Each structure stands twice: as C-alpha cells, then as structure tokens.
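K.L.:
This is the structure, below, for whatever I ask next.
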Amino acid sequence: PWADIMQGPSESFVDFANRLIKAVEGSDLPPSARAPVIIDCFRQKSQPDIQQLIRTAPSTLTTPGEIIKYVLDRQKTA
Amino acid sequence: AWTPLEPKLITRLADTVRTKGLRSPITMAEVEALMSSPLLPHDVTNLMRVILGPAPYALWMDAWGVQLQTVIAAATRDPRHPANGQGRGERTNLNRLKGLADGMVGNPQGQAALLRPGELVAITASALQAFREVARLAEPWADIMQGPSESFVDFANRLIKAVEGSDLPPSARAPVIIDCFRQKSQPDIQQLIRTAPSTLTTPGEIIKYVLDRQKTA
Amino acid sequence: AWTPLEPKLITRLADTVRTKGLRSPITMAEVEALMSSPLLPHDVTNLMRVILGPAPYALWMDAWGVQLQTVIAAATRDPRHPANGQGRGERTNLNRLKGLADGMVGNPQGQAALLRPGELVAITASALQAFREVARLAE
Amino acid sequence: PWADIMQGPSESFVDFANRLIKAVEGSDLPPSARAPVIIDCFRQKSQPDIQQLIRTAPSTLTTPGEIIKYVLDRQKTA
Amino acid sequence: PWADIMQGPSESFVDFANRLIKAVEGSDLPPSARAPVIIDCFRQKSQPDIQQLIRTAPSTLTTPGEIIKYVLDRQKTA
Amino acid sequence: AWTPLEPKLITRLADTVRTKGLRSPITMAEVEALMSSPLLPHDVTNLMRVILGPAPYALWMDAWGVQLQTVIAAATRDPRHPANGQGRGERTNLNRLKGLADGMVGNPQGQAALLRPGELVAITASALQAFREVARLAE
Amino acid sequence: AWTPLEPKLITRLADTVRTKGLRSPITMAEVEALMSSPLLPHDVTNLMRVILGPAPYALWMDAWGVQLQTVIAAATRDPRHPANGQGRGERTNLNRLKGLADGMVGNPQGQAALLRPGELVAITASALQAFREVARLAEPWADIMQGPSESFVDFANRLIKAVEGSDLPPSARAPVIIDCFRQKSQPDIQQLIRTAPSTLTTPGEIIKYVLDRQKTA
Amino acid sequence: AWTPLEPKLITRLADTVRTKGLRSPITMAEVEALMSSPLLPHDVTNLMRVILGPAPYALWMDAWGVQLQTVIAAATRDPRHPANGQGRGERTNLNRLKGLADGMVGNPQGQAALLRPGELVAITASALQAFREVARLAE
Amino acid sequence: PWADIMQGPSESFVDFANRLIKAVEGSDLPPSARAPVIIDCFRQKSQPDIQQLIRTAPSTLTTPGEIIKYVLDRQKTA
Numbered sequence: 152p153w154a155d156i157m158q159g160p161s162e163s164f165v166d167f168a169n170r171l172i173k174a175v176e177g178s179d180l181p182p183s184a185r186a187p188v189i190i191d192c193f194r195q196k197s198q199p200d201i202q203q204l205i206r207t208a209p210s211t212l213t214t215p216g217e218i219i220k221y222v223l224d225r226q227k228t229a
Numbered sequence: 010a011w012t013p014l015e016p017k018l019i020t021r022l023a024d025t026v027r028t029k030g031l032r033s034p035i036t037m038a039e040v041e042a043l044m045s046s047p048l049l050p051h052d053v054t055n056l057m058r059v060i061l062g063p064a065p066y067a068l069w070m071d072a073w074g075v076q077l078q079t080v081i082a083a084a085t086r087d088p089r090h091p092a093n094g095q096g097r098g099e100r101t102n103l104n105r106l107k108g109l110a111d112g113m114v115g116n117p118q119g120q121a122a123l124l125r126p127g128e129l130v131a132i133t134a135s136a137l138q139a140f141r142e143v144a145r146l147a148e152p153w154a155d156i157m158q159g160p161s162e163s164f165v166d167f168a169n170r171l172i173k174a175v176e177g178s179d180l181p182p183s184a185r186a187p188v189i190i191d192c193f194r195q196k197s198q199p200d201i202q203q204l205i206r207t208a209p210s211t212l213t214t215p216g217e218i219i220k221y222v223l224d225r226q227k228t229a
Numbered sequence: 010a011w012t013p014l015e016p017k018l019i020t021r022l023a024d025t026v027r028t029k030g031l032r033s034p035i036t037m038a039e040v041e042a043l044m045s046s047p048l049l050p051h052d053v054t055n056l057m058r059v060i061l062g063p064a065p066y067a068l069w070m071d072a073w074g075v076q077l078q079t080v081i082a083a084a085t086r087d088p089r090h091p092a093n094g095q096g097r098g099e100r101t102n103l104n105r106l107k108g109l110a111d112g113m114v115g116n117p118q119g120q121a122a123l124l125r126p127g128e129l130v131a132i133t134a135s136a137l138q139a140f141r142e143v144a145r146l147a148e
Numbered sequence: 152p153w154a155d156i157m158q159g160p161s162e163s164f165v166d167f168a169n170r171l172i173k174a175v176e177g178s179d180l181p182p183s184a185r186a187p188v189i190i191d192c193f194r195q196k197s198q199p200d201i202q203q204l205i206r207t208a209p210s211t212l213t214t215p216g217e218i219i220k221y222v223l224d225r226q227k228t229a
Numbered sequence: 152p153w154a155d156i157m158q159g160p161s162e163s164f165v166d167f168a169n170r171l172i173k174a175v176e177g178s179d180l181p182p183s184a185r186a187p188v189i190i191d192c193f194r195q196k197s198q199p200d201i202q203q204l205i206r207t208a209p210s211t212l213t214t215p216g217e218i219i220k221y222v223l224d225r226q227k228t229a
Numbered sequence: 010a011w012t013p014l015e016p017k018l019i020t021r022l023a024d025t026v027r028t029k030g031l032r033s034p035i036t037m038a039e040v041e042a043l044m045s046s047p048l049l050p051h052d053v054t055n056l057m058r059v060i061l062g063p064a065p066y067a068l069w070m071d072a073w074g075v076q077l078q079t080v081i082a083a084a085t086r087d088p089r090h091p092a093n094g095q096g097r098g099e100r101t102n103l104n105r106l107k108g109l110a111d112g113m114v115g116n117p118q119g120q121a122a123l124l125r126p127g128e129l130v131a132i133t134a135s136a137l138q139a140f141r142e143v144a145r146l147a148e
Numbered sequence: 010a011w012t013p014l015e016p017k018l019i020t021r022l023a024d025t026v027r028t029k030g031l032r033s034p035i036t037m038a039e040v041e042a043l044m045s046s047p048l049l050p051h052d053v054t055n056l057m058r059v060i061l062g063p064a065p066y067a068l069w070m071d072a073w074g075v076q077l078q079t080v081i082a083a084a085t086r087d088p089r090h091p092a093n094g095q096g097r098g099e100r101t102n103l104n105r106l107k108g109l110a111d112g113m114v115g116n117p118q119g120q121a122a123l124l125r126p127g128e129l130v131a132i133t134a135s136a137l138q139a140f141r142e143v144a145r146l147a148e152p153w154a155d156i157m158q159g160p161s162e163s164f165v166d167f168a169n170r171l172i173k174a175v176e177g178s179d180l181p182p183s184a185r186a187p188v189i190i191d192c193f194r195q196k197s198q199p200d201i202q203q204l205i206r207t208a209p210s211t212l213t214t215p216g217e218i219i220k221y222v223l224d225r226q227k228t229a
Numbered sequence: 010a011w012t013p014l015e016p017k018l019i020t021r022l023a024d025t026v027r028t029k030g031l032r033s034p035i036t037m038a039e040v041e042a043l044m045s046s047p048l049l050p051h052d053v054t055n056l057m058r059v060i061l062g063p064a065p066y067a068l069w070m071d072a073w074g075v076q077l078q079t080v081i082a083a084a085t086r087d088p089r090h091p092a093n094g095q096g097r098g099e100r101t102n103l104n105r106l107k108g109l110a111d112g113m114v115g116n117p118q119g120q121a122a123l124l125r126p127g128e129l130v131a132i133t134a135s136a137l138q139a140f141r142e143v144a145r146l147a148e
Numbered sequence: 152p153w154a155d156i157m158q159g160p161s162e163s164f165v166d167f168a169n170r171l172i173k174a175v176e177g178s179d180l181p182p183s184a185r186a187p188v189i190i191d192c193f194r195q196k197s198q199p200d201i202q203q204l205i206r207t208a209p210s211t212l213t214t215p216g217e218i219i220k221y222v223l224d225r226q227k228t229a
C-alpha cells in the first residue's frame with residue numbers, strides 16, 4: 152500500500168524513493184494521478200529533515216525527478 | 010432624497026466602539042462599512058456625535074476641519090476637482106463642505122439637494138481620515157517582536173496594524189514593514205526570508221512566500 | 010449610476026469571515042453571493058479592505074494583480090476580449106482595470122462611467138480567483 | 152451646571168473633558184460662546200498640575216481639541 | 152552693577168526683571184547695547200528653572216518684553 | 010525501417026546495471042556499446058525504462074529534457090544544425106525531438122520515417138549525457 | 010601614465026584597518042581619502058589585497074562583482090553611460106571593468122591606456138560600495157538607543173550611519189531617521205521634539221532644533 | 010581636467026577637525042586653505058563627507074542648500090551673475106549647482122566640463138558659509 | 152600545505168577561512184583551480200557542525216564568499 156510508506160529513521164532517500172515509486176506505479180491509481188501523489192508523498196513522508204529541506208526550496212519543484220535531484224544535492228551527508 | 014442611517018446599525022456601532030475601542034481593526038472595519046455610501050455632512054456629523062464621546066468628538070471636529078482645509082487647498086490648486094466646476098462660480102467653499110452654506114444649515118434635504126457627488130465623497134474620505142487620526146491620538153511599531161509561540165499571520169497582522177496606524181508618511185510604510193519582517197520574526201523565519209531565491213519587494217509577497225515554505229508545527 | 014453595497018451585508022460577511030475563517034464553504038458561498046453583480050474596482054477593493062485583515066489584504070492585492078496581469082496577457086493574445094474593442098484605441102491597460110487610469114482614481118462615479126461590463130466581469134472573476142488563492146494560502 | 156465642574160483628584164483628563172464638554176454643549180449658552188468657555192474652563196479647572204501644563208504651552212492653544220491633544224501628549228503618566 | 156545681578160532663590164521673576172532693567176538702563180552702556188544685554192542676562196541669570204524655560208522656547212524671543220511675557224505665561228505657579 | 014534492439018542484450022545490460030551499478034566504467038562502456046547506432050526516441054525511452062529503476066528513470070527524464078533544451082537553444086543559435094534545415098520550415102521543435110510531434114506519438118515506424126539522422130544523433134548524444142549526469146547523481 | 014599609490018600610505022591604512030577594524034568611521038574616512046582619485050582595477054585590487062585579510066578579500070571580490078554587474082545592467086539600460094559610447098562598439102563589458110579584457114590582464118599601463126574616466130569612476134564607486142557591504146557583513153538601526161550619558165550629536169551620527177549603511181531603500185531612510193529620533197533619544201529629547209511649535213520634516217531640521225533648545229549640562 | 014585633492018591633506022584636515030573641533034580658528038584656517046582653488050560639487054561634497062561626522066554632514070547639506078538657494082535668488086535678481094549668461098538659456102538651475110543636472114550626476118569629469126568658473130566660485134563660497142553656520146551651530 | 156589545513160575544535164570560522172584562502176592562493180595551483188579547491192575544502196574540512204550547515208543549504212553556494220556569508224549568518228553563536 153503506497154499510503155503506508157514512510158522513510159525509516161536509518162533509510163537513505165534513494166531507497167525510500169525507489170520503494171515509493173514502485174508502490175505507486177504498481178497500484179490501482181490512474182496514470183494521470185501518479186506524479187502528484189508521488190510528489191505529495193515525498194513532501195509529507197520522508198522524515199522531517201527532508202520535509203523541511205523540500206519545504207524551503209527557493210525554486211518550485213513540479214516533478215518527482217526534480218525533487219529527487221534537489222534532495223540528493225542538498226542532503227545532509229551522514 | 011435623503012434617507013437616514015438605521016438607528017439599529019448606529020446603536021450596534023456605538024456599542025462596538027464602547028467595548029472594542031476606537032483603534033481595533035474590527036471597529037475600523039465597521040466604520041468603513043457604515044462609511045460605504047457617500048454621506049451628507051449632517052449624517053457624518055450626527056454619526057460622530059452618537060458614536061464618539063464628547064472629547065473625542067471635539068478632537069474629531071478639529072481633525073475633520075483640518076483635512077477639509079487640505080482638500081480645499083488641493084481644490085484651489087486644481088480646477089478639475091470632482092467637487093469643483095469648470096467656471097469660477099462652482100468653486101466649493103468650506104461653508105458648503107461643512108454644511109454651513111446657505112440653504113443647508115440644519116436641513117439635510119436641502120443639503121442633499123445642492124451637494125455634488127464629488128463633494129460627498131470628498132467629505133466622506135476627509136471624515137474617515139479624521140477618524141483615523143483621532144483614533145490614533147486618543148489611545152509602537154519598532155517594539156513589535158514575533159513571540160516564540162505566535163504564528164506568523166498574527167505577527168504580520170499586528171505589525172501592519174501598528175505601522176499603518178502610526179505617524180509615518182504613507183510612502184514609508186511598505187519598506188518599514190518589509191525591513192521589520194526581516195529583522196523581527198524570530199530567526200527561523202529570518203533565515204527563511206534571507207534564503208529566498210527570488211527577491212521579495214512587497215509585504216504581500218513576503219507573506220505568501222513564508223506561508224508557503226513555513227515549518228508546519 | 011453607482012450604488013454602494015449595504016454596510017449591513019458587509020458587516021455580516023466580515024463577522025462570517027471572522028468566525029468561520031477564509032476557507033469554509035459557507036464563507037466562499039457568502040463571497041460568491043456578494044460577488045453576484047459586477048463590482049467596480051472601488052467596490053471590491055473596499056470590500057477586501059473591510060473583510061480581510063492587513064496581511065491577508067496585502068496577499069490579496071498581490072494575487073489580484075497577478076491574475077489581472079494574466080487576464081491582460083490573454084487580452085493582448087485575443088483582440089475579441091469583452092473588455093477590449095475592435096480597434097487598437099480600446100485596448101485595456103492595467104491602470105483601467107485596477108482603477109488607476111485617468112478620471113477614475115478615488116472616484117467611483119467616474120469609474121462606473123468609463124468602465125465596460127466586460128471589464129467589470131473580468132475584474133470580478135479575477136478578484137474571486139485571487140480570494141481563493143489567498144484563502145488556500147493563509148491556512 | 153457647567154460652572155461647577157471640577158476635575159477630581161483621581162479622575163483622568165479625558166473623562167473630565169467629556170463631562171465638561173457635555174455639560175457646556177447641553178446648556179443655555181449661545182452656540183458661539185461654547186468654545187471660549189470650554190477653553191477657559193480647561194484652564195481654571197483641571198487641577199493645578201494640568202493647569203501649569205496648559206499655562207507653560209510654548210504654542211498658543213486656541214481650540215478645545217488642540218488643548219486636549221497637547222495635554223494627552225505631555226501628561227504625567229500615572 | 153548689572154553684571155552682578157542674580158535672581159534670588161525666593162525672588163519672583165518680575166522683581167528680578169525690574170531690578171535688572173533698572174541697573175542696565177541706569178548704567179554706562181550705549182543705548183544700542185541695552186536690549187541684547189538684558190536678553191542675555193535673562194538667559195544666563197534667572198535660576199535654572201527659568202533658564203530651561205527660556206531655553207526650550209519653541210519660538211525665538213528677540214525682545215525683553217516678549218521674554219517677560221513668555222515667562223509670565225508658562226511660569227511654575229508657586 | 011525500424012528494427013528493435015534485442016531483448017537479450019537489453020536483459021544483459023539490465024543485469025549489468027543491477028550488479029555493477031550505474032557508475033562503473035564497465036557499465037558506461039556497455040551503454041556506449043548499446044548507444045552505437047542512432048536510436049529513435051522510442052528506443053532510448055524504452056531502454057531507460059527497462060534498465061533504470063523508477064526514481065533514476067524520473068531523474069533521467071528530467072536531465073534528458075534539460076539537455077535537449079540546451080540543444081534546441083544551440084539550434085536556434087545556429088541555422089546550420091544537422092537537425093535543422095536552411096529554411097525556417099525545417100526548424101526542429103522539442104515535440105519532434107522527444108517524439109511528441111504529430112505522427113510520432115507511440116508509433117516508432119512513423120518516428121523513423123520523419124526523423125533526420127542529425128536529429129537522431131543529437132537525441133542520442135543528449136541521452137548519453139543525461140545518463141552520465143544521473144549516474145553521477147544517484148551515487 | 011600610471012602612478013602607483015605610496016606603500017607608506019597603504020601601510021598606514023593597513024594598520025588602521027588592523028587596529029580600528031573595518032567599520033569604524035575613521036577607517037571609512039581613510040578609505041574615502043585613498044579613494045579620491047579614480048583608480049584603475051589593478052590599483053583597487055592590490056589595495057584590497059593588502060589591507061584586507063583573505064576571507065574579507067574573498068567577500069569583497071564577490072560584492073565588487075555583484076555591484077559591477079548592477080552597473081553593467083544600468084549601462085545596458087541607458088546608452089548614455091559615461092563609461093559607454095554612442096555607438097554599439099563602445100559598449101563596456103565586465104571584462105573591461107574587472108580588468109580582464111584584452112591588453113589589460115596584469116598590465117596597469119595598458120589598463121590606464123584603454124580605460125575611460127567614466128569607467129574609472131564607476132569602478133571606484135562600485136569598489137567603495139562593495140567595501141561598505143563587506144564591512145557591514147564581517148562584524152542594526154532598530155536597536156540604537158541614546159545612552160543616558162551620551163550627547164545628541166553622537167547619537168545622531170551613530171543612527172544616521174547605521175540607517176544609511178543598511179538594507180533599506182534610499183527613499184525610506186529619512187522617515188525612518190525621523191521616527192527613530194522621535195521614539196529613541198531618551199524622554200527629555202523626546203518631549204523636546206514632541207513640543208515643537210513648528211513641524212520638523214527633515215533630520216537636519218530636527219537636529220538643528222534640538223541643538224538650539226537642548227538642556228545645557 | 011579634474012584633479013582630486015590629496016588624501017594626505019584630507020586625512021590631516023580630518024584629524025585636525027577631530028582634535029581641535031569645528032570652530033577653532035586653526036580649523037577654519039585649514040578649511041580656507043583647502044578651499045583655495047574653486048572646487049567642483051563632487052569635491053566639496055566628498056570633502057564634507059570625510060571630515061564631518063554624520064549629523065554635522067546632514068546639517069551641512071541643509072545649510073549648503075539654503076545658501077545656494079539664496080545665491081540662485083540673487084541670480085534671478087541680476088542677469089549679470091558670473092554664473093549666469095546674457096541670454097535666458099544660460100540661467101543656472103540648482104540642479105547644475107548641486108551637481109544634479111544632466112551629464113553631471115556622479116561624474117566629476119563631466120562636471121568640470123560643463124561648469125563655469127563663476128559657478129565654481131559661487132558653490133565654493135556657499136559651502137564655506139554653510140560650514141561656518143554648521144560649526145557655529147554644532148557647539 | 153593547503154591540503155593539511157583543518158578547522159580546530161576551538162577556532163572560529165573566519166580565522167579558518169583566512170588561513171585556508173591564504174595557503175591556497177599562496178601555493179602552486181593554477182589561478183583557475185583555486186575557487187573550486189577552496190569550496191571543496193570548506194565542505195570537507197571545517198568540523199562536522201559547519202559541514203552539516205553547508206550540506207543542508209537550501210540554495211546552491213558556488214563561491215567562497217557566498218559560503219562564508221551563509222555560514223556567518225547561520226552559525227551557532229557560542
């Protein structure tokens with residue numbers, strides 16, 4: 152179930168994005184509703200450090216690929 | 010034909026002024042509401058007589074006279090005033106604005122007969138500005157800080173209220189509001205505004221940006 | 010001839026916005042109600058000045074300007090706008106939409122004189138969309 | 152009676168001004184004699200602290216509203 | 152001697168002004184030097200309460216009579 | 010005439026990407042190998058759909074679009090692009106590069122019909138650079 | 010012909026910056042002194058290399074580039090720039106302003122040959138503004157109060173300095189300075205300004221009035 | 010051709026003003042010394058910016074403006090001013106005296122080009138009188 | 152040697168930046184390789200608090216001056 156996917160405390164972001172995109176594209180949603188759902192799940196899941204990282208984006212991110220690129224650039228190396 | 014304002018609305022407005030005061034934004038909104046249609050000098054005079062106490066009413070008469078005098082100076086500085094006419098015989102004297110001219114003293118019907126719509130709207134705007142002055146006088153922007161637990165829209169409301177209801181010129185309010193958003197508004201929002209990829213040049217734009225990217229908590 | 014909106018309706022709408030908020034469906038229905046007849050820029054401006062607080066009013070001025078600019082771009086993209094005319098002398102500038110043009114600044118009577126009904130309905134729809142944006146943004 | 156109105160030792164100045172203007176305007180005086188009477192009652196009533204505050208006015212106050220504004224500005228906060 | 156005249160701690164201002172104008176006009180000064188001397192003696196003599204009262208004059212006082220009138224208006228009744 | 014790439018080679022390349030990763034020099038060599046003949050937008054799109062996971066595929070779509078936009082800017086900066094023609098009627102739009110133009114959407118045969126060899130090589134180089142960017146970004 | 014600045018003056022200025030800091034008014038006065046004649050990019054670059062440390066020098070290079078870019082935007086917005094010419098062949102590129110153009114890299118003589126006097130004065134003003142920015146950054153107007161023992165001219169100097177060397181628009185400095193004179197400047201001077209029989213509408217007029225009627229002590 | 014004043018002399022004068030004050034006869038003598046050759050508005054403005062503090066500089070700007078206005082009143086009262094010309098096209102506006110006219114704002118070279126020697130000496134005398142007023146006022 | 156410069160546990164950031172820029176500009180590197188090296192040394196040296204402060208930069212910092220300004224703004228006052 153896509154709506155139950157959370158980014159674990161120790162999980163990296165690319166694994167979380169892979170799992171989420173997999174569960175969203177392999178589901179019962181229409182094809183035209185996958186990108187907005189993936190974006191809004193990146194924003195509300197993806198534990199509050201990345202949540203604030205996406206929130207304070209000086210540019211407007213309108214695609215899952217752009218969000219992934221931005222987060223991978225500005226992520227907290229740890 | 011002259012129609013008086015409802016005494017029910019006037020009683021409700023008087024009780025609003027009695028409980029909330031002269032300077033509350035709800036009171037100014039209510040006054041703007043009852044200041045919607047262009048009023049005759051009789052209407053505004055009786056309205057301020059009823060809603061204001063004796064001393065605020067004296068202050069308001071003074072301020073209204075001063076603002077009307079500024080209006081008449083601008084009118085003699087421009088013959089195209091909506092209260093004026095093209096020839097010199099339509100020049101508007103302060104006796105006609107304050108309702109003191111011939112055929113108007115104490116008679117609202119004759120008042121409504123001889124007055125122009127431009128005259129009415131000028132009188133109304135003058136009375137509103139005078140009310141604002143007296144309200145600011147009867148009861152500090154640079155001391156306003158966003159509390160640790162306060163939301164941002166409340167802080168913005170309080171700050172814009174205190175800046176617009178102050179002694180600053182009209183052309184100095186927006187830069188002051190912006191620079192107070194930037195230096196007040198505790199360091200999380202300070203850094204949020206600082207790291208703005210776009211340049212924000214208006215209080216509304218700053219408010220929109222902060223409301224978009226604020227830390228939901 | 011210009012007729013102002015009742016201050017009683019405006020007071021009731023202001024108290025509705027004060028208790029229910031900006032985003033409640035009852036509030037949007039009430040705004041749609043008071044947005045029924047095409048309003049002059051003076052009317053909508055004073056209405057938003059009274060019902061909205063200072064910061065939402067700033068946000069609404071911004072959003073209204075942006076929406077009016079989109080309207081003017083669509084207008085220069087189509088000479089058959091109900092606000093435009095056929096010749097180039099009837100092209101509608103933003104000073105005429107925001108009420109800033111000559112013969113309109115501060116005077117609602119002259120405003121109602123020079124404005125077109127298409128101008129009025131475009132201004133009204135723009136203001137409604139801006140109100141929706143600000144309401145979605147404030148909370 | 153307007154000529155019997157004094158500012159009480161504990162009364163504020165706006166209350167005293169309200170009471171005095173009420174009693175003077177709701178009396179038998181001609182309309183052209185109310186402002187001078189209100190001014191001269193502000194000067195002689197309104198207990199000696201405010202009396203001296205009005206006396207030492209570098210500007211000449213020629214209106215009840217101006218006197219009220221001046222006194223409200225320079226009054227002893229207490 | 153005019154330059155030795157001070158306003159006593161208990162003396163009123165009209166007595167001090169009388170004494171000073173008497174001693175200045177009944178002295179060896181030229182006639183065109185009496186008014187400036189009287190003014191500058193009002194400003195530097197006339198114990199610091201009246202000194203500050205004259206200093207903080209929103210208008211410019213350019214005559215002994217005007218200074219006397221101003222001080223008599225705004226003096227501390229005591 | 011359009012001929013598809015072998016699913017055996019594509020399966021081997023997908024397993025190479027799965028075990029070695031996106032950034033290994035052997036993987037880039039294999040991609041260069043399968044990027045030898047000029048591919049149609051359909052071919053490269055399906056290839057990246059199969060060999061890349063969902064999130065790297067989104068990143069790659071973004072990067073490919075950006076690189077194609079740079080190519081189209083250079084093309085409008087020089088009318089002698091091997092994708093362009095001499096007259097203005099041969100100017101190449103991004104709908105024709107991404108395979109979105111008329112007569113191309115979903116049809117590889119029509120795609121191969123209308124596309125130019127310069128168009129194909131530009132699309133291919135753009136896709137290779139985008140793959141390099143995404144590989145450098147993913148790990 | 011290019012003449013270098015004296016290393017004695019440069020050494021004295023460097024020691025001034027070392028002891029007094031970047032933001033002291035004496036340091037800014039000394040910089041204005043050594044910024045009197047229009048300098049070539051070589052001169053200003055070496056001057057900032059010598060007087061500033063490494064990190065302030067990096068900051069200053071950044072700020073100088075930004076200010077020069079604003080200048081070049083204004084130049085492309087007006088073909089009558091004293092650095093520009095009338096035809097398009099005299100348009101001034103940033104390589105010519107930063108000294109990076111052909112025939113100028115590392116050579117001050119050729120630099121002085123090809124550069125215009127308008128170019129020199131624009132570069133100089135840009136460098137001065139960049140120095141001001143970096144000095145304000147390396148080490152707030154709304155926090156300035158007149159101390160209990162401080163004189164009024166010192167308070168006015170400090171306040172005008174902090175207001176003009178800040179992020180406010182140019183059209184918002186005078187009203188802010190006035191309203192800060194009125195609300196800061198401890199209550200004796202506050203009441204002195206409040207009871208002004210005339211209306212003071214300029215910081216200079218307020219300063220003159222207060223200096224006239226101040227309590228000598 | 011414009012030549013700037015030595016920063017060494019300006020530094021010495023600034024330290025003189027710092028130690029002796031504004032009103033000492035030695036300070037006024039030094040100012041008269043550095044006020045010997047007719048200065049352009051740029052020179053006097055920067056000189057007062059450097060030697061005077063912020064508040065005395067504001068006072069001096071005010072006083073300089075007032076004195077220049079008196080000069081311009083005397084100039085419109087006499088068409089034979091060494092700053093004026095014979096025809097009406099040489100009448101000197103305050104924008105030309107304060108250095109605000111066209112071709113002068115921020116550029117000392119153009120300033121020195123368009124200005125008259127009578128203009129320069131009038132500006133200089135005005136600035137000296139303004140300095141005297143401010144010095145008498147500050148202490 | 153520039154590649155041996157670390158920000159000490161007690162050292163401030165402006166001193167570290169001064170030392171690093173000095174050692175990088177006074178070295179054998181080409182002029183076109185100093186800014187990237189200074190940036191990448193700010194990112195990998197400059198003990199992990201400032202490392203994470205630079206990592207989680209919502210904007211992309213592409214100049215040593217911009218990095219210095221950002222760090223000076225958001226640094227932990229201590």
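Residue numbers (the authors' numbering), protein chains in the order written: chain G, 152 to 229; chain B, 10 to 148, 152 to 229; chain C, 10 to 148; chain A, 152 to 229; chain I, 152 to 229; chain H, 10 to 148; chain E, 10 to 148, 152 to 229; chain F, 10 to 148; chain D, 152 to 229. The C-beta atom is built at its ideal place from N, Cα and C for all residues, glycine as well.
Would you mind reading off the limits of the alpha helix (DSSP H) that contains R125 (chain E)?
P.N.:
Note, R125 (chain E): premise wrong, no alpha helix (DSSP H); not H, not E.
K.L.:
So with CB distances below 8 Å, who are the chain B contacts of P209 (chain G)?
P.N.:
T207, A208, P209, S210
K.L.:
Determine the direct distance from the alpha carbon of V114 (chain H) to that of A42 (chain B), and round the result to whole angstroms.
P.N.:
59 Å
K.L.:
So which residues on chain B does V188 (chain E) lean against when the C-beta distance must stay under 9 Å?
P.N.:
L180, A184, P187, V188, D191
K.L.:
I need the straight-line Cα distance from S163 (chain A) to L204 (chain A), nearest angstrom please.
P.N.:
Rounded to whole angstroms, the gap between the alpha carbons of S163 (chain A) and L204 (chain A) is 15 Å.
K.L.:
Given a cut-off of 8 Å on the beta-carbon distance, is the pair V53 (chain H) and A136 (chain H) in contact?
P.N.:
In this structure, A136 (chain H) lies closer than 8 Å to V53 (chain H) by Cβ.
K.L.:
Roughly how far, in whole angstroms, is the beta-carbon of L68 (chain E) from the beta-carbon of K220 (chain D), given that I think they are within contact range, below 8 Å?
P.N.:
7 Å
K.L.:
Expressed to the nearest angstrom, what Euclidean distance is found between the alpha-carbon atoms of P88 (chain B) and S183 (chain B)?
P.N.:
26 Å
K.L.:
Could you tell me how far apart the beta carbons of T133 (chain H) and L48 (chain H) are, in whole angstroms, since I believe they sit closer than 8 Å?
P.N.:
6 Å
K.L.:
What are the start and end residues of the alpha helix (DSSP H) that includes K173 (chain D)?
P.N.:
164-176
K.L.:
Could you spell out the range, first to last residue, of the alpha helix (DSSP H) harbouring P50 (chain H)?
P.N.:
50-60
K.L.:
Determine the contact status of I218 (chain I) and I190 (chain I), defining contact as a CB-CB distance below 8 Å.
P.N.:
yes
K.L.:
Answer yes or no: do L106 (chain F) and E128 (chain F) have a C-beta to C-beta separation smaller than 8 Å?
P.N.:
yes
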